[PDB]
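Quick look at entry-v7.csv (CSV, C-alpha atoms and all ligand atoms):
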chain,number,residue,atom,x,y,z
A,1,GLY,CA,39.3,-65.3,17.2
A,2,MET,CA,37.7,-62.5,15.2
A,3,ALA,CA,37.9,-59.0,16.5
A,4,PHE,CA,34.3,-58.3,15.4
A,5,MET,CA,31.7,-61.0,15.2
A,6,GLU,CA,29.1,-58.8,13.4
A,7,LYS,CA,29.1,-56.7,10.2
A,8,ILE,CA,28.0,-53.4,11.6
A,9,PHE,CA,30.4,-53.3,14.6
A,10,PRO,CA,33.4,-51.5,13.1
A,11,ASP,CA,31.0,-48.8,11.7
A,12,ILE,CA,29.4,-48.3,15.1
A,13,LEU,CA,32.8,-47.6,16.7
A,14,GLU,CA,33.4,-44.8,14.1
A,15,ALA,CA,29.9,-43.4,14.4
A,16,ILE,CA,30.1,-42.9,18.2
A,17,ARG,CA,33.0,-40.5,17.6
A,18,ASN,CA,30.9,-38.5,15.0
A,19,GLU,CA,28.4,-36.0,16.4
A,20,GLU,CA,26.9,-35.3,12.9
A,21,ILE,CA,26.1,-39.0,12.4
A,22,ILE,CA,24.6,-39.3,15.9
A,23,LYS,CA,22.4,-36.3,15.3
A,24,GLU,CA,21.3,-37.7,11.9
A,25,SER,CA,20.8,-41.3,13.0
A,26,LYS,CA,17.4,-42.9,13.6
A,27,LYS,CA,16.3,-42.7,17.2
A,28,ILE,CA,14.9,-45.8,18.9
A,29,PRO,CA,12.3,-45.6,21.8
A,30,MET,CA,13.9,-46.8,25.1
A,31,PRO,CA,11.5,-49.7,25.7
A,32,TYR,CA,13.0,-51.4,22.6
A,33,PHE,CA,16.5,-50.8,23.8
A,34,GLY,CA,15.6,-52.5,27.0
A,35,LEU,CA,13.9,-55.4,25.3
A,36,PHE,CA,17.2,-56.1,23.5
A,37,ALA,CA,19.0,-56.4,26.7
A,38,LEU,CA,16.2,-58.6,28.1
A,39,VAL,CA,16.3,-60.9,25.1
A,40,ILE,CA,20.2,-61.2,25.1
A,41,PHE,CA,20.3,-61.9,28.8
A,42,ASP,CA,17.9,-64.8,28.3
A,43,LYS,CA,20.5,-66.1,25.7
A,44,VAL,CA,23.6,-65.2,28.0
A,45,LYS,CA,21.7,-67.2,30.6
A,48,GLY,CA,25.1,-70.6,29.5
A,49,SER,CA,26.8,-67.6,31.1
A,50,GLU,CA,26.0,-64.6,33.3
A,51,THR,CA,26.6,-60.8,33.8
A,52,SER,CA,24.7,-57.6,35.0
A,53,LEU,CA,23.5,-54.3,33.5
A,54,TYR,CA,26.0,-52.5,35.8
A,55,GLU,CA,28.9,-54.5,34.5
A,56,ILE,CA,27.8,-54.0,30.9
A,57,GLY,CA,27.5,-50.2,31.6
A,58,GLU,CA,31.1,-50.3,33.0
A,59,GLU,CA,32.3,-51.7,29.7
A,60,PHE,CA,30.1,-49.3,27.7
A,61,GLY,CA,31.6,-46.4,29.6
A,62,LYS,CA,35.1,-47.6,28.8
A,63,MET,CA,34.5,-47.8,25.3
A,64,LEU,CA,33.0,-44.3,25.2
A,65,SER,CA,36.2,-43.2,26.9
A,66,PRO,CA,35.4,-39.4,27.5
A,67,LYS,CA,38.6,-37.4,28.1
A,68,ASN,CA,37.0,-35.1,30.8
A,69,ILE,CA,33.8,-34.3,32.7
A,70,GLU,CA,32.6,-31.8,30.0
A,71,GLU,CA,32.8,-34.6,27.4
A,72,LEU,CA,31.0,-37.0,29.8
A,73,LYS,CA,28.2,-34.5,30.1
A,74,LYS,CA,28.0,-34.1,26.3
A,75,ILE,CA,27.7,-37.9,25.7
A,76,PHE,CA,24.7,-38.1,28.1
A,77,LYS,CA,22.9,-35.3,26.1
A,78,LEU,CA,23.7,-37.1,22.8
A,79,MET,CA,22.5,-40.4,24.2
A,80,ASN,CA,19.3,-38.6,25.3
A,81,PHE,CA,20.1,-40.0,28.8
A,82,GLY,CA,19.6,-36.6,30.5
A,83,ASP,CA,21.5,-33.7,32.1
A,84,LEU,CA,24.3,-34.9,34.2
A,85,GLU,CA,25.2,-32.6,37.2
A,86,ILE,CA,28.9,-32.9,38.2
A,87,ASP,CA,31.0,-30.2,39.9
A,88,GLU,CA,34.4,-31.0,38.5
A,89,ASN,CA,36.4,-28.4,40.4
A,90,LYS,CA,35.0,-29.8,43.7
A,91,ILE,CA,35.9,-33.4,42.7
A,92,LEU,CA,39.4,-32.1,42.2
A,93,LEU,CA,39.5,-30.3,45.5
A,94,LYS,CA,37.7,-32.7,47.8
A,95,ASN,CA,38.3,-36.3,48.9
A,96,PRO,CA,35.8,-39.0,47.8
A,97,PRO,CA,33.1,-40.2,48.0
A,98,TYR,CA,31.4,-37.7,45.7
A,99,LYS,CA,27.9,-37.2,44.6
A,100,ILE,CA,26.6,-36.6,41.1
A,101,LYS,CA,23.0,-36.2,39.9
A,102,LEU,CA,21.0,-36.9,36.8
A,103,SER,CA,18.1,-34.8,35.6
A,104,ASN,CA,15.6,-36.0,32.9
A,105,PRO,CA,16.7,-39.6,32.9
A,106,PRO,CA,15.1,-42.5,30.9
A,107,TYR,CA,12.3,-44.6,32.3
A,108,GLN,CA,10.3,-41.9,34.0
A,109,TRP,CA,7.1,-43.9,33.2
A,110,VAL,CA,8.5,-46.4,35.7
A,111,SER,CA,7.6,-46.5,39.4
A,112,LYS,CA,9.8,-48.6,41.7
A,113,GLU,CA,10.8,-48.5,45.5
A,114,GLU,CA,14.4,-49.2,44.7
A,115,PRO,CA,16.7,-47.1,42.3
A,116,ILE,CA,16.6,-48.4,38.7
A,117,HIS,CA,19.4,-46.9,36.7
A,118,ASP,CA,22.0,-49.8,37.1
A,119,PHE,CA,23.2,-49.5,33.4
A,120,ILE,CA,23.7,-45.7,33.8
A,121,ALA,CA,25.6,-46.3,37.2
A,122,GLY,CA,27.9,-48.7,35.4
A,123,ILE,CA,28.5,-46.3,32.6
A,124,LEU,CA,29.4,-43.6,35.1
A,125,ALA,CA,31.9,-45.9,36.9
A,126,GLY,CA,33.5,-46.8,33.6
A,127,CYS,CA,33.7,-43.2,32.3
A,128,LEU,CA,35.2,-41.9,35.5
A,129,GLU,CA,37.9,-44.5,35.4
A,130,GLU,CA,38.7,-43.5,31.8
A,131,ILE,CA,38.9,-39.8,33.0
A,132,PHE,CA,40.7,-40.1,36.4
A,133,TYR,CA,42.5,-43.6,36.2
A,134,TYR,CA,41.2,-44.9,39.5
A,135,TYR,CA,38.8,-47.8,39.9
A,136,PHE,CA,35.4,-46.4,40.9
A,137,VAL,CA,32.2,-47.9,42.4
A,138,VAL,CA,29.0,-45.9,41.7
A,139,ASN,CA,25.9,-46.6,43.6
A,140,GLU,CA,22.5,-45.0,42.9
A,141,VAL,CA,21.0,-43.9,46.2
A,142,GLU,CA,18.0,-41.8,45.0
A,143,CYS,CA,16.0,-42.1,41.7
A,144,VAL,CA,13.3,-40.3,39.7
A,145,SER,CA,11.4,-43.6,39.7
A,146,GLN,CA,11.1,-43.4,43.5
A,147,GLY,CA,9.3,-40.0,43.0
A,148,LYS,CA,12.4,-37.9,43.4
A,149,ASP,CA,13.1,-35.0,41.0
A,150,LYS,CA,16.6,-36.1,40.1
A,151,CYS,CA,18.6,-39.4,40.4
A,152,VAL,CA,21.6,-39.3,42.8
A,153,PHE,CA,24.7,-41.4,42.5
A,154,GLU,CA,27.4,-41.9,45.2
A,155,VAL,CA,30.9,-42.2,43.7
A,156,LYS,CA,33.6,-44.1,45.6
A,157,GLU,CA,37.2,-44.6,44.8
A,158,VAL,CA,38.3,-48.2,45.4
A,159,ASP,CA,41.4,-50.4,45.1
B,1,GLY,CA,16.6,-69.7,38.6
B,2,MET,CA,15.0,-66.2,38.6
B,3,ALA,CA,12.6,-65.2,35.7
B,4,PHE,CA,14.2,-61.7,35.5
B,5,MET,CA,17.8,-61.0,36.3
B,6,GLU,CA,17.4,-57.2,36.2
B,7,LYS,CA,15.0,-54.6,37.8
B,8,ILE,CA,13.7,-52.9,34.8
B,9,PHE,CA,12.8,-56.2,32.8
B,10,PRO,CA,9.2,-56.7,33.9
B,11,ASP,CA,8.4,-53.1,33.2
B,12,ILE,CA,9.9,-53.3,29.7
B,13,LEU,CA,7.5,-56.2,28.9
B,14,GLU,CA,4.5,-54.0,29.9
B,15,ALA,CA,5.8,-50.9,28.0
B,16,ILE,CA,6.2,-52.7,24.6
B,17,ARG,CA,2.5,-53.4,24.7
B,18,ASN,CA,1.7,-49.7,25.5
B,19,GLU,CA,1.8,-47.3,22.4
B,20,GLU,CA,1.4,-44.2,24.7
B,21,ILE,CA,4.4,-45.2,26.7
B,22,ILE,CA,6.4,-45.8,23.5
B,23,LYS,CA,5.5,-42.5,22.1
B,24,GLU,CA,6.4,-40.7,25.3
B,25,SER,CA,9.6,-42.6,26.0
B,26,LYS,CA,13.2,-41.1,25.5
B,27,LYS,CA,14.6,-42.0,22.0
B,28,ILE,CA,18.1,-43.3,21.8
B,29,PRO,CA,20.3,-42.7,18.7
B,30,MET,CA,21.0,-46.0,16.9
B,31,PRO,CA,24.8,-45.9,17.2
B,32,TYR,CA,24.4,-46.3,21.0
B,33,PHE,CA,21.9,-49.2,20.5
B,34,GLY,CA,24.5,-50.9,18.4
B,35,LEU,CA,27.3,-50.2,20.8
B,36,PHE,CA,25.3,-52.0,23.5
B,37,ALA,CA,25.2,-55.1,21.4
B,38,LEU,CA,28.9,-54.7,20.6
B,39,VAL,CA,29.8,-54.5,24.3
B,40,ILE,CA,27.6,-57.4,25.3
B,41,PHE,CA,28.9,-59.7,22.5
B,42,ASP,CA,32.4,-59.1,23.9
B,43,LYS,CA,31.1,-60.3,27.2
B,44,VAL,CA,29.1,-63.2,25.7
B,45,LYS,CA,32.4,-64.1,24.0
B,48,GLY,CA,32.5,-67.6,27.4
B,49,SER,CA,29.5,-68.3,25.0
B,50,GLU,CA,28.4,-67.3,21.5
B,51,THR,CA,25.3,-66.1,19.4
B,52,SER,CA,24.4,-63.8,16.4
B,53,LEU,CA,22.5,-60.7,15.7
B,54,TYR,CA,20.1,-62.8,13.5
B,55,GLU,CA,19.4,-65.2,16.3
B,56,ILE,CA,18.8,-62.5,18.8
B,57,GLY,CA,16.4,-60.8,16.3
B,58,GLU,CA,14.5,-64.1,16.0
B,59,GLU,CA,14.0,-64.1,19.8
B,60,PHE,CA,13.2,-60.3,19.8
B,61,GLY,CA,10.6,-61.0,17.1
B,62,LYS,CA,9.0,-63.8,19.2
B,63,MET,CA,8.7,-61.7,22.1
B,64,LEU,CA,7.1,-58.8,20.2
B,65,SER,CA,4.6,-61.5,19.0
B,66,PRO,CA,2.5,-59.5,16.5
B,67,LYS,CA,-0.9,-61.1,15.7
B,68,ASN,CA,-0.9,-60.1,12.0
B,69,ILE,CA,1.0,-58.4,9.2
B,70,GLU,CA,-0.7,-55.0,10.0
B,71,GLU,CA,0.6,-55.2,13.6
B,72,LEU,CA,4.1,-56.2,12.3
B,73,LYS,CA,4.1,-53.0,10.1
B,74,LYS,CA,3.0,-50.9,13.1
B,75,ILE,CA,5.8,-52.2,15.3
B,76,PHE,CA,8.4,-51.3,12.7
B,77,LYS,CA,7.1,-47.7,12.6
B,78,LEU,CA,7.0,-47.5,16.5
B,79,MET,CA,10.6,-48.8,16.6
B,80,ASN,CA,11.6,-46.2,14.0
B,81,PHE,CA,13.0,-49.1,11.9
B,82,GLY,CA,11.1,-47.9,8.7
B,83,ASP,CA,8.2,-48.7,6.4
B,84,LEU,CA,7.8,-52.4,5.9
B,85,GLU,CA,6.3,-53.4,2.5
B,86,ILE,CA,4.4,-56.7,2.7
B,87,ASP,CA,1.5,-57.8,0.5
B,88,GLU,CA,-0.5,-60.0,2.9
B,89,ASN,CA,-3.1,-61.2,0.4
B,90,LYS,CA,-0.4,-62.4,-1.9
B,91,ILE,CA,1.4,-64.3,0.9
B,92,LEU,CA,-1.9,-66.0,1.5
B,93,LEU,CA,-2.5,-66.8,-2.2
B,94,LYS,CA,1.0,-67.8,-3.3
B,95,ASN,CA,3.6,-70.4,-2.4
B,96,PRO,CA,6.8,-69.4,-0.7
B,97,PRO,CA,9.5,-68.1,-1.0
B,98,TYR,CA,8.1,-64.5,-0.7
B,99,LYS,CA,9.8,-61.1,-0.8
B,100,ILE,CA,9.3,-58.2,1.5
B,101,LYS,CA,10.9,-54.8,1.5
B,102,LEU,CA,12.0,-52.2,4.0
B,103,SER,CA,12.0,-48.4,3.2
B,104,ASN,CA,13.8,-45.8,5.4
B,105,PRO,CA,15.8,-48.4,7.5
B,106,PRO,CA,18.4,-47.6,10.2
B,107,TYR,CA,22.1,-47.3,9.4
B,108,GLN,CA,21.8,-45.3,6.1
B,109,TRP,CA,25.1,-43.5,7.0
B,110,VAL,CA,26.7,-47.0,6.5
B,111,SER,CA,28.1,-48.1,3.2
B,112,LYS,CA,28.9,-51.9,2.7
B,113,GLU,CA,29.1,-54.3,-0.2
B,114,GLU,CA,27.1,-56.9,1.6
B,115,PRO,CA,23.6,-56.5,3.2
B,116,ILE,CA,23.8,-55.3,6.8
B,117,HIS,CA,20.4,-55.7,8.5
B,118,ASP,CA,20.9,-59.1,10.1
B,119,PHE,CA,19.1,-58.1,13.4
B,120,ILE,CA,16.0,-56.9,11.3
B,121,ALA,CA,16.1,-60.1,9.2
B,122,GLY,CA,16.0,-62.2,12.5
B,123,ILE,CA,13.1,-60.1,13.8
B,124,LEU,CA,11.2,-60.7,10.6
B,125,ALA,CA,11.7,-64.5,10.8
B,126,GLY,CA,10.6,-64.5,14.4
B,127,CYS,CA,7.5,-62.3,13.8
B,128,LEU,CA,6.4,-64.3,10.8
B,129,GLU,CA,6.5,-67.5,12.8
B,130,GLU,CA,4.4,-65.9,15.6
B,131,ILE,CA,1.9,-64.9,12.9
B,132,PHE,CA,1.8,-67.9,10.6
B,133,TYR,CA,3.2,-70.8,12.8
B,134,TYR,CA,5.7,-72.1,10.3
B,135,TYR,CA,9.5,-71.9,10.9
B,136,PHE,CA,10.9,-69.2,8.5
B,137,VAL,CA,14.3,-68.3,7.3
B,138,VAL,CA,14.8,-64.7,6.1
B,139,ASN,CA,17.7,-63.6,4.1
B,140,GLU,CA,18.4,-60.1,3.1
B,141,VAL,CA,19.4,-60.0,-0.6
B,142,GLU,CA,19.5,-56.3,-1.3
B,143,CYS,CA,20.2,-53.4,1.1
B,144,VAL,CA,20.1,-49.5,1.2
B,145,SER,CA,23.7,-49.7,2.4
B,146,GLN,CA,24.7,-51.2,-1.0
B,147,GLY,CA,23.2,-48.0,-2.7
B,148,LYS,CA,19.8,-49.5,-3.2
B,149,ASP,CA,16.6,-47.5,-2.5
B,150,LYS,CA,15.0,-50.2,-0.3
B,151,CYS,CA,16.2,-53.3,1.5
B,152,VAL,CA,14.8,-56.6,0.2
B,153,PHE,CA,14.3,-59.8,2.2
B,154,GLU,CA,13.7,-63.3,0.8
B,155,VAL,CA,11.3,-65.3,3.1
B,156,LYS,CA,11.5,-69.1,3.1
B,157,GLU,CA,9.3,-71.6,4.9
B,158,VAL,CA,11.4,-74.4,6.4
B,159,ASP,CA,11.0,-77.7,8.4
C,1,CL,CL,12.3,-43.6,28.6
C,2,CL,CL,20.5,-45.0,12.0
C,3,ZN,ZN,17.5,-43.3,38.7
C,4,ZN,ZN,19.4,-53.5,4.6
The structure given in the file should be rewritten as structure tokens.
Amino acid sequence: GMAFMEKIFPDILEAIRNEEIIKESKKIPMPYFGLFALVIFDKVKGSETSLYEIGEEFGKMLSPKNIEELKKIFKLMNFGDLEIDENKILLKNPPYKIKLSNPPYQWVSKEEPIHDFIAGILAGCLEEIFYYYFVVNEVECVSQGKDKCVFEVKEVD
Amino acid sequence: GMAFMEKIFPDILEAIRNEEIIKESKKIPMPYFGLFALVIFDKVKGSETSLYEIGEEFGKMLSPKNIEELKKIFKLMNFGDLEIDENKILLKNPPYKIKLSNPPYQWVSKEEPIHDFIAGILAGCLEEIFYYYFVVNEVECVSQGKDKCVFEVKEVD
């Protein structure tokens, strides 16, 4: 079958590698980014997936070479300030904890953590960086009234 | 089955109706919005769809009550300045022409028009407004070197 089913797709893969293009691009309000996913899940649903699993694939495709690059991608995406102590990850055994400051969807209040897409992204990116399969579970979230979101990172086989 | 398969989906439907929330939301650079679609089409592909057909559904869901509201949604989305003469649409027979100024993806150069998602959106929105089934075909595009994109609007049964 065809590598790319739509016209714009090869160009998007070039652009995500170009910080000047990202900085000059039009910015879309997050409610519309979410609406897209909502509309295409209605269409997925004769198949099925999750925002976490899509974030995993998204993360793979972003393919950051290191933690500093991971942090940079989150600023470029306007997804917030990712707090990761890399030297401690290297020194310690898992599970680890990482935090996100100034995340999207702060206008949302929910009892349960909301950032499933971001958690997937983090799992996917951490595999690209460190090789291991990771599972990332958000255990605290700004939308619960917390000041930062907190993610538990687990290495798995 | 469940109305909403993900946590954030009911909240997104409320937010798209709230201009204050849109204005205060985080803005995402368009290359990442496109990457999302690229990643979830790879996953769609054991099924199949198009950016045009998703735009149709997106348009339906936005459900603008009139042309002025359609124009406003495009500014809120940061998708550009939509040029539509409503009094002429009312007076004349189809097909019509509408234009878009300052669209996304101006860093893209392509021989063929690129704004398939926007063209779908327009078809879907025009059906919500006028009831008829519409087909919208982009016949000129900024990414061809033109100053504005141009869409042909056809009424169909
Ligand atoms: Cl937001
Ligand atoms: Cl853009
Ligand atoms: Zn969170
Ligand atoms: Zn165009």
Got a sec to check which residues lie within 9 Å of ligand ZN 4 (chain C), using all atoms listed in the file, and send them as a PDB file with C-alpha atoms, in the coordinates of the input?
ATOM      1  CA  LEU B 102      12.000 -52.200   4.000  1.00  0.00           C
ATOM      2  CA  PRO B 105      15.800 -48.400   7.500  1.00  0.00           C
ATOM      3  CA  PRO B 106      18.400 -47.600  10.200  1.00  0.00           C
ATOM      4  CA  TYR B 107      22.100 -47.300   9.400  1.00  0.00           C
ATOM      5  CA  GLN B 108      21.800 -45.300   6.100  1.00  0.00           C
ATOM      6  CA  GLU B 114      27.100 -56.900   1.600  1.00  0.00           C
ATOM      7  CA  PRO B 115      23.600 -56.500   3.200  1.00  0.00           C
ATOM      8  CA  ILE B 116      23.800 -55.300   6.800  1.00  0.00           C
ATOM      9  CA  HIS B 117      20.400 -55.700   8.500  1.00  0.00           C
ATOM     10  CA  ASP B 118      20.900 -59.100  10.100  1.00  0.00           C
ATOM     11  CA  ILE B 120      16.000 -56.900  11.300  1.00  0.00           C
ATOM     12  CA  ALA B 121      16.100 -60.100   9.200  1.00  0.00           C
ATOM     13  CA  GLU B 140      18.400 -60.100   3.100  1.00  0.00           C
ATOM     14  CA  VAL B 141      19.400 -60.000  -0.600  1.00  0.00           C
ATOM     15  CA  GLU B 142      19.500 -56.300  -1.300  1.00  0.00           C
ATOM     16  CA  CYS B 143      20.200 -53.400   1.100  1.00  0.00           C
ATOM     17  CA  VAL B 144      20.100 -49.500   1.200  1.00  0.00           C
ATOM     18  CA  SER B 145      23.700 -49.700   2.400  1.00  0.00           C
ATOM     19  CA  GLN B 146      24.700 -51.200  -1.000  1.00  0.00           C
ATOM     20  CA  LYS B 148      19.800 -49.500  -3.200  1.00  0.00           C
ATOM     21  CA  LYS B 150      15.000 -50.200  -0.300  1.00  0.00           C
ATOM     22  CA  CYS B 151      16.200 -53.300   1.500  1.00  0.00           C
ATOM     23  CA  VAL B 152      14.800 -56.600   0.200  1.00  0.00           C
ATOM     24  CA  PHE B 153      14.300 -59.800   2.200  1.00  0.00           C
TER      25      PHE B 153
END
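All residues, whether protein, DNA or RNA, that have an atom at most 10 Å from ligand CL 1 (chain C) (counting only C-alpha atoms and all ligand atoms) are residues 29, 30, 31, 32, 33, 34, 80, 81, 104, 105, 106, 107, 108, 109 and 110 of chain A; 15, 21, 22, 23, 24, 25, 26, 27 and 28 of chain B.
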Expected file contents, prior selection, C-alpha atoms, as a short mmCIF file (atom, residue, chain, number, x, y, z; two decimals), in the frame of the given file:
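Result file again_0.cif:
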data_model
loop_
_atom_site.label_atom_id
_atom_site.label_comp_id
_atom_site.auth_asym_id
_atom_site.auth_seq_id
_atom_site.Cartn_x
_atom_site.Cartn_y
_atom_site.Cartn_z
CA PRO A 29 12.30 -45.60 21.80
CA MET A 30 13.90 -46.80 25.10
CA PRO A 31 11.50 -49.70 25.70
CA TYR A 32 13.00 -51.40 22.60
CA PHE A 33 16.50 -50.80 23.80
CA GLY A 34 15.60 -52.50 27.00
CA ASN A 80 19.30 -38.60 25.30
CA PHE A 81 20.10 -40.00 28.80
CA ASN A 104 15.60 -36.00 32.90
CA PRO A 105 16.70 -39.60 32.90
CA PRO A 106 15.10 -42.50 30.90
CA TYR A 107 12.30 -44.60 32.30
CA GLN A 108 10.30 -41.90 34.00
CA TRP A 109 7.10 -43.90 33.20
CA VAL A 110 8.50 -46.40 35.70
CA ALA B 15 5.80 -50.90 28.00
CA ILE B 21 4.40 -45.20 26.70
CA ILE B 22 6.40 -45.80 23.50
CA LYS B 23 5.50 -42.50 22.10
CA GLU B 24 6.40 -40.70 25.30
CA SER B 25 9.60 -42.60 26.00
CA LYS B 26 13.20 -41.10 25.50
CA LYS B 27 14.60 -42.00 22.00
CA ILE B 28 18.10 -43.30 21.80
#
Pick out the residues sitting within 10 Å of residue A:138, and hand them over as a PyMOL selection string; count only C-alpha atoms, and ignore anything fewer than 4 positions along from it in its own chain.
chain A and resi 54+58+97-100+118+120-126+128+152-157
Report, in Å with one decimal, the straight-line distance from atom CA of residue B:53 to atom CA of residue A:51.
18.6 Å
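Pairwise distance (atom CA of residue A:79, atom CA of residue B:50) equals 27.7 Å.
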Find the spatial neighbours of residue A:66, counting only C-alpha atoms, within a cut-off of 9 Å - ignore same-chain residues fewer than 3 positions away - and output them as an NGL selection string.
:A and (61-63 or 69-72 or 75 or 127-128 or 130-131)
For those residues, write C-alpha atoms to a file as a tab-separated table (two decimals), in the frame of the given file.
chain	number	residue	atom	x	y	z
A	61	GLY	CA	31.60	-46.40	29.60
A	62	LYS	CA	35.10	-47.60	28.80
A	63	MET	CA	34.50	-47.80	25.30
A	69	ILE	CA	33.80	-34.30	32.70
A	70	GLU	CA	32.60	-31.80	30.00
A	71	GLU	CA	32.80	-34.60	27.40
A	72	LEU	CA	31.00	-37.00	29.80
A	75	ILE	CA	27.70	-37.90	25.70
A	127	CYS	CA	33.70	-43.20	32.30
A	128	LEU	CA	35.20	-41.90	35.50
A	130	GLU	CA	38.70	-43.50	31.80
A	131	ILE	CA	38.90	-39.80	33.00
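For the set B:41, B:82, B:13, B:89, the residue with the smallest atom-to-atom gap to ligand CL 2 (chain C) is B:82, counting all atoms listed in the file.
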Distance of atom CA of residue A:83 from atom CA of residue A:103, expressed in Å to one decimal place
5.0 Å
Residue with smallest distance to ligand ZN 3 (chain C) - pool A:76, A:36, A:119, A:4, counting all atoms listed in the file
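Looking only at the distances to ligand ZN 3 (chain C), the closest residue turns out to be A:119.
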My list of candidates is A:96, A:10, A:57, A:48. Which is closest to residue A:158 when distances are computed with all atoms listed in the file?
A:96
